[PDB]
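Note that ligands are numbered from 1 as they come in the structure, with each ligand's atoms numbered from 1 the same way. The sequence lines fix the lettering, A, B, ..., with proteins before strands; numbering per chain opens at 1.
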Amino acid sequence: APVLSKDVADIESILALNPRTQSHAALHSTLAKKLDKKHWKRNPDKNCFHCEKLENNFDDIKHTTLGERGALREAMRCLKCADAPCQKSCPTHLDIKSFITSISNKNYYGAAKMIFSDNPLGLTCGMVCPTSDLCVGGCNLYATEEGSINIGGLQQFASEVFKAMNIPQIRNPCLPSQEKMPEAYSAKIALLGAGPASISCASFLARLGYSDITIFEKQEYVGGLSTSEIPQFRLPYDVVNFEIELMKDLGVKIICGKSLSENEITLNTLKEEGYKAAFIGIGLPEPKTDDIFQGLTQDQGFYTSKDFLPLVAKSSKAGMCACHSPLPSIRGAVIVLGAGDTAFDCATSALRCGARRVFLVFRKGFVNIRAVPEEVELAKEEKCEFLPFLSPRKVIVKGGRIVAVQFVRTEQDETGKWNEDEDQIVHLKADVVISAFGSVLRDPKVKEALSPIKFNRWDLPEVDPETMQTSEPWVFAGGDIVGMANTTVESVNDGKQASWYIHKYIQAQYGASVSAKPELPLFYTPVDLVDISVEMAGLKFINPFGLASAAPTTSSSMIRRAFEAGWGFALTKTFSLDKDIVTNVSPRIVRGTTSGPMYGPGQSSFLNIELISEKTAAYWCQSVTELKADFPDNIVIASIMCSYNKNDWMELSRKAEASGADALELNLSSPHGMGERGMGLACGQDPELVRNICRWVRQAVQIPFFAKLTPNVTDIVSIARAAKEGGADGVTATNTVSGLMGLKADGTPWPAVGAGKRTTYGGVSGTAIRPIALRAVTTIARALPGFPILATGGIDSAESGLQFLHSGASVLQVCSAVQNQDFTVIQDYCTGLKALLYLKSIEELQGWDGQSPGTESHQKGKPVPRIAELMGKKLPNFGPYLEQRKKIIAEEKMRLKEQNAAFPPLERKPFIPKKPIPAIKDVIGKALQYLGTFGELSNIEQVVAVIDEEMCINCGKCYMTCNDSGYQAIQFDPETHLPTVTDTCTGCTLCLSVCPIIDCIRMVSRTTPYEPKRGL
Amino acid sequence: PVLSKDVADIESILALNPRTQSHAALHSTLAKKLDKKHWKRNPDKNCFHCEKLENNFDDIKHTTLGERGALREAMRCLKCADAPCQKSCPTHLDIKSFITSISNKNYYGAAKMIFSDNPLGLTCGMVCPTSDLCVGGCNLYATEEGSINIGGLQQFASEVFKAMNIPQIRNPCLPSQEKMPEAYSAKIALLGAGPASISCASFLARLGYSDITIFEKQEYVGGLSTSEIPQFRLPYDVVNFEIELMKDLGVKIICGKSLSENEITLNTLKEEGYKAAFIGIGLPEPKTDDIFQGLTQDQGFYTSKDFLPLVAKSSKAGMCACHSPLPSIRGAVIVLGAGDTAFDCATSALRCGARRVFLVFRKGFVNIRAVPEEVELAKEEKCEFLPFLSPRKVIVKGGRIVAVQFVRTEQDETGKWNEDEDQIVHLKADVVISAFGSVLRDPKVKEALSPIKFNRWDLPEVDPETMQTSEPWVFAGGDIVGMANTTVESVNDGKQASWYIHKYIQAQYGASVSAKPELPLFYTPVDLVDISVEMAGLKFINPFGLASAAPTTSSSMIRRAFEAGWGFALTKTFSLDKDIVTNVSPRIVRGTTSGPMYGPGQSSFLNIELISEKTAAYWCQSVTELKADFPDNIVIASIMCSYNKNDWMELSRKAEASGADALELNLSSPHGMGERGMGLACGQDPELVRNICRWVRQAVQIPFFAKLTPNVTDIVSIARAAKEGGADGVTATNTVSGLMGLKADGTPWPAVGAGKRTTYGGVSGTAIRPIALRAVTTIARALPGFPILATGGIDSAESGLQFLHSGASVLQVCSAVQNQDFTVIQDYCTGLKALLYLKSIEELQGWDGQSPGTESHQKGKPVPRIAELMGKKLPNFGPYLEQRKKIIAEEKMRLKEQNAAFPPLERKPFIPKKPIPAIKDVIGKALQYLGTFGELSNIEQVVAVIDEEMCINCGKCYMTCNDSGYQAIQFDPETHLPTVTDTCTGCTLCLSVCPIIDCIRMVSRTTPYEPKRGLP
Ligand code: SF4
Ligand code: SF4
């Protein structure tokens, strides 16, 4: 034999980069460290006066873009605030708490439903909202070092997944059918311009039931500025297409080529043609111009924003125009004038047209810039220059081209006046000049077509800023044309606002009234019709979710608000006879330590030393009667407890029955005996005690009752069997796990009661006991199949709840997930369950895990390029390897320019359920057939880990885990930090378990012969 | 009445509680604009007015962390192998290790590791231009949530250690001073008391040198860190802290003596017997221009070397004896340049009462040498940036500056910079500050460096690896050499030089050194705390060991674990030949017990791994070698047989003969029939455990411990059974039976073979700590003194101390290693020494271990305790934030005249005022607080109370009490400030969900308490 406890030489070399402890400080010269620094750099270099080449590169540059991994982390970080200030600062009043809650719970349909209910352009706004000036500007987490929440990127992700689902929008299912709709909803309605403002109005008017809505667009294309001028590298055009198709799912018609103009559409022709109401959303169609630039042409290199930006869009947004437009040749120095978000997008677009440098020249200072720093960041990092305090005076044209622009210095006084110093000039050499001063409405033929509505000092239509009504009651206006809004989201909200008051006007014109409280309908899809009801033990539940007997059911008044929120059923707090009344100590409910020092939302566990209800059985029985009177379709289960006393159990079970409880829950946490004949102290730990107690309750009541089991048993099957023999009609699995949540560093416990700082063993709830409760439910449902199981134990989403259903549970009680939140989580659970079952009917999404799409190769939540030279050549995303990636992409963006073909943006058509949408009964117990003994597991079918280096982020955790906890089977290249699984892999899967990039490591069938490591 | 319904007063308390919505909301765009300014938390892009910062030197760093923010960020760090952040740190700081220690709340271990490579670690963590250094190479850049705040984590851990008041000690590995070779008494001279010399002087003292002397020209120390770096980035008390640490090693500092020809010259040093010299005088003189000659401070002209010292002299208490005034800077201020210095002059100018600050540089924004950190502070303080401007003449009228005339610079075809004499800017200004850098121009200083070779930059030439000048005995480093730009690079230059200075001196005394540079680590009295412990007749050198699990798969892994410092180790469980097993794959999967958290810190793992696939021969030969090489490390052999007498005796004797210190009996073995619903495993029936313990106590003479299972009704029964059969102790506990979850389609994870089957696994990690903690406590109460080996979610010194306090002697670890690597042991051993050392410091009894008592903070920055801010209801948002900013600014003015800086504090280090406990002193001390529920006081009730200066207005306490409590909190609709009402019952749920550490506190109840009964 050799030395078994010493690594052989080639394993010694495997471990070369493995962490070892250190005995010394490490000598490294300040010089050497300077050159080694360049090998690992990830972020921009402060010594790079050089912008990498970006011509024809319209890839997503938004820093807010999120993948699933990133979006789940961020959603879990959000505090999900009451009266959340982020919503307060959202112009469309999105319930950001709710949709971010749905994202943490992996329910992206429910989040996207929340989003499009209040903003029909949620995916757009999620991408382009100046969140720092709006919702993120009010985020409570701004008061922490980690900072505010990326609200828009989360909203973009949840909306992106919903897009991929290809689910149509349906007509509001609360409405009557079209035939029995009152005549008023047949009113002919006209919208002018097909931008955000009108798309929002038409959608909200269709939601109300109006069945003849028409948007008249001037141009061959639709979407407004989101189509014509917002760059593709910030807003992909298929997003715009997607939100349009959603509105068209509601019957809104769009007619292009006809304009609001004299000798075209006028307010009068509309009135003559029978239109009962009109909304003006034509935007600001003309560019603000300077008399300095009179007579210049694009041939000389002059553009306005309204000239330049649509030219880049018509060429970089497939599906805009039948023309495969050529990108404009912009070779040289470019002067963009302006400081709104218009100018910054001509800046970044010029660099895409081949610009060699861009000067953003504005007439005021840096302090004075009108775009949000988000928009400014993308110009500054693409190395555009910034020239403040300069006003243009002459453009020098030589040889048919612009060759210079001469400015004068602008200045401020004491008065706050802005003058121009003639003596202080700047002759700035440039080849292209793009005025981006902004937009106006100046066309008389258009203003004339709006006769006789009133126009204000700014020659813009006056509107009641609360109803968006003009000086004619039947004509409304919103968005950029009003001069109030500066954003897509405020333009959307302007159409949202006008819709209800248009609905008010039209209904009044037909002799009908509307309610004094504006009620616009929510956003609906066929998912909302999925039947998530379930029957169990002879009781029908309207949804499988209910409140566990616990802190969220301390008072029955809280149960009423929960039923009012949508909860299917609820348990009373456990109550007993008067002689068994209790007093609680305090403190008695602490947060979990089970997942480290993470404070705030999503605690992984709680410990409680709380007893049963301090309130009386007289309170609970009268309460059960009141709640059953007002909520006949909401199951009310009274949880009860008595000593090991046949008279007591019989008397209390009879009283709770007479109160009208749909069922009973026998709390088996009551003691009897000393306690460890292998049977423990509590009744629920002894089979014979449980059999008798259930026998007694069976003799006493005629309603179904369930034994609530403790997990603190050697064999919970034996207890459940004992209840079934005793006559119970089901078991609730399980109560909390007996634990000690931890101690301070001085030895004292928490919770600590009184001056003595004493404690007792408490119960552990929450997701940290989910494997315990899931195991208990699985073994009961397999040992006693068909025996109804009410699952409790760390259920906090529709995805978790579905796992318990798959494991044999019929209904799902919740406690810790509400303590971590509030009662409204029920809405996320219900939409998440409707979504999960609906997706089971979609063939096209078979390659998904629930609401999660198949994780494609990505970096920073953006997909890595599928180029042949950029896959396989060992190129991690840092150091000199990243500069070569950026050169290969740039060259390949260039050969995709010198062949300007491929304009086939696929036509959107919805996915159709290919089998009946399963019911809750179609999934109960369907996972149990995969469970077995260990012998039923195949050791012939071994797997090995495989790593996707395009998704790897070079942390070497897999490397470390396999070395200090595995088989030393990963090589970690010392220059690229790229791991590679070798053939000594045993498939233990530990590396995958610790990889931070979702689906980077993958377990695949082993192809090379396997010999277990025996040592010998 | 109606009991299931809220009375009106409670209906009012619930006004802001969330409710599920049935309609989309109506809010006009105008109303949204007016409502947005009420919740705004961040700067408005519309406010151009600088906020008054006069005499405000409060911290303005965006990287400062408090404990709650630091703990989150250290947990988010992947703690990477071969970490690129460390390769980019000039001082090669082990970032992975010190951040791991922070994540485990071991702040001493982090600080010790930081100061081991960087004696100025607190300073560096505060001023580290991380984007161009360590954070520039961080892997988490490639994620959407971004690189790790390394400087903030360094600052926090270093700041906590600062507050501990623990001195640095001499290298304890050194011989006593008397027995030191005569060479170490060599007189060493260092010029300049800046970071370069402080580092070099510190590392020279660690090696053992006793006669070290720093010669500083001024009467202060610290170099630029004291003289020029502003107090709102680097406070002086930090510089004082680092100096006192160096002084702890005996380094001497003489102020007022200078390297100059009329004082200290190399000849005078050779004359006075000094045997080596280090030049760290930096660049003491400014880069001036001819444009400025004859311009005093009295005319409005400063250089950075003039202005910033006056401001530091005036804002850094204790830097000077002479109380100095804030320079009267009144009007427009031009700051010339764009280095790190220029932006400090701009920010310090606003502190002096500047009305307007213009930063003018001779190039563009793409050429700014300063870091994006630095630039942001001036940008967010409304400083104006003027590019492409070269100063040509200063206009002085009537004895003061009134304007500066500039010319427009531009880049040509070469890239060369030209001035355009024809394009001017007449910029009004009351003050000019040249920040063009620094030089060494003093000839008296240079002549004192004769005859060392100077280069074309007029700076000492040094071998960049040895820092040696042309004279062999003279070394140089820091800014004087010209390579360093940063404090950490100058620290590295001294670190570098100290080794080769060591070489030169030792050589000059006829002594050689190691060819491997080995600088000693940073040492405090904490490193001397004994953490050994004796148990069952065995001496453990520390209580931490590896559990029988994946980290002990091979003996070659146990060997590497011992080489890292692990006190003991269990072999993987091995068996006789006949019972050879074969694993399946996948078999180890990550836990879902804390939701979709990926990467570091998995709260649990689930495994279906069997015992070791390697033979008893391998493990027996391996134990022999391991114990022959590591006699002081305990090796316990884990063995398993079926329920069979001869087999248990054969295998236990074979492992004893191999030299095992002890045996661990794995009782996870199935027996025969099942019988009486009392588990299929041996460890679940106390009769079989007492028999197996009998049979092994038969075979062997060494101690043996029974590894107990937690999946039992009463673990104390199977523990007592072990103590009745043979056992010298018990290991509590093995893994918890569970199932970790299902994909949304029903298939499990792990999934074995094409059938996608699985079985019940074992749950490990921190999610079972409450179960393991409860088991160790019960066994310790029932069997006092019976040795317990603890297992179950030990992942830090703190968590291990909890198992020690609960009755355990040693601590087995598995999942924390799986989450990292073997070197966590060093974090554990440092943390345990710190936790025990601190128990002796009377000055820190108010701490929780290594966590200080939390004070009023926002973003981890002390709230100002001004009389006018408190008791007035001002949250940190909207108009309430401006009223606060107005209040601090009137107090920062009221503090300029109320002028006191003559009570500093002699930072005398804390001394142990009671013996440092040993492990034998803390075991079991938590058991006193444990007891039944009857032993808990229901008289000493508590109530919740909220510190509003700490609240971040999320409302979770409000929702948690509304939907999971007693509806006892008012949430004010205008301030979003909660207030706990008298109806509070002390349940403590609100404190448990609060994101802010210690914002809510449970206090004794003053008002009468009445249990809420609902009905009499
Ligand atoms: S560069 Fe400075 S802040 Fe960054 S890791 Fe090194 S010492 Fe710490
Ligand atoms: S949970 Fe904490 S931070 Fe949030 S409102 Fe309540 S007290 Fe304030």
I need the nearest protein heavy-atom contact for atom 6 (Fe) of ligand 1: residue, atom name and distance, please.
B:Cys89 SG, 2.3 Å

Suppose we measure from atom 1 (S) of ligand 1 to each protein heavy atom; which comes out shortest, and what is that distance?
B:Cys128 SG, 2.4 Å

Element-labelled atoms of ligand 1 that are located less than 4.0 Å from some non-hydrogen atom of [X]:
X        : result
B:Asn118 : 7 (S)
B:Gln154 : 3 (S), 5 (S), 7 (S), 8 (Fe)
B:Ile150 : 5 (S)
B:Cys134 : 1 (S), 4 (Fe), 5 (S)
B:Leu93  : 7 (S), 8 (Fe)
B:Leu133 : 1 (S)

Nearest 0.5 Å please: distance from the CH2 atom of B:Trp39 over to the SG atom of A:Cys86.
11.0 Å

Working note: A:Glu146 + B:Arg76, criterion salt bridge (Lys or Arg N to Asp or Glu O under 4.0 Å); need CA distance, chi angles, decisive distance, verdict.
CA-CA 11 Å; A:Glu146 56 262 39; B:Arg76 184 175 75 90; over 6 Å; no

Going by distance alone, is a donor N or O of one side chain under 3.5 Å from an acceptor N or O of the other, for [X] and [Y]?
X        : Y        : result
B:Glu489 : B:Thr486 : yes
B:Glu67  : B:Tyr107 : yes
B:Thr64  : B:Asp59  : yes
A:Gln87  : A:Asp95  : no
B:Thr524 : B:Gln168 : no
B:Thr63  : B:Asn149 : no
B:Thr975 : B:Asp972 : yes
A:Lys33  : B:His92  : yes

Ligand-residue contact atoms, ligand 2 with B:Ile946, heavy atoms, under 4.0 Å
7 (S)

One finds that the ligand 2 atoms under 4.0 Å from a non-hydrogen atom of B:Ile1000 are 7 (S)

Does ligand 1 have a heavy atom under 4.0 Å from the side chain of B:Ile95, from its backbone, from both, or from neither?
side chain

Taking atom 4 (Fe) of ligand 2 as the center, what protein N, O or S atoms are found at less than 2.8 Å?
B:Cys954 SG

How far apart are the closest heavy atoms of B:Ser97 and B:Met113, and which atoms are they?
CB-CE, 3.6 Å

Is the distance from atom 4 (Fe) of ligand 1 to some N, O or S atom of B:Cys124 under 2.8 Å?
no

Is the charged tip of A:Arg591 near the ring of A:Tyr599: under 6.0 Å from the six-membered ring centre and within 45° of its axis?
yes

Of the backbone atoms (N, CA, C, O) and the side-chain heavy atoms from C-beta on, which set of B:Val993 has a member under 4.0 Å from an atom of ligand 2: side chain, backbone, both, or neither?
neither

